[PDB]
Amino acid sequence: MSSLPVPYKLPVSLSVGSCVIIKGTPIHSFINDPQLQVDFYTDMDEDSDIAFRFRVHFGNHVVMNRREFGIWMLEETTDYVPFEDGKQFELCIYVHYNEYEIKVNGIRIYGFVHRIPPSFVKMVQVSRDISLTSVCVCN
């Protein structure tokens, strides 16, 4: 059972130096191809532009993109997905001056460069095949 509802839409204010810390557990085993998605939305409205979408295909790869004027830009990917089958994970997204740094269980896996300033992000949505224990926003 999830501590928070999923999809989880969290109003936020982000600045350089912020960290979003998401703790949860996949609800399906990896042979069932579960996913996790995190969106940095510019408004509560889910059709608003997205500064950074992060979609993990557990045991497979992560696909990242951004949506500008309603148009998806060029996808970025990495095969580095150090999540453990069936276990709680800790996903940290650090807002640096040039990029979002993504850490999985303390392991840096990617840096997604800002194409709009991160202070334009007003909502973080956590969605798909996870039970959500906690979400924190720290400075």
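Numbering starts at 1 and follows the sequence shown.
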As the entry reports it, the stretch among 120-128 and 15-23 with higher mean C-alpha B factor is 15-23
61-69 or 98-106, whichever carries the higher mean Cα B-factor
98-106
Selection by C-alpha B-factor (highest) of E75, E90, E46, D39
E90
Based on the entry's values, in what third of the chain does the Cα temperature factor of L4 lie: lowest, middle or highest?
highest
Tell me, lowest, middle or highest third: where does the Cα B factor of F54 rank within its chain?
middle
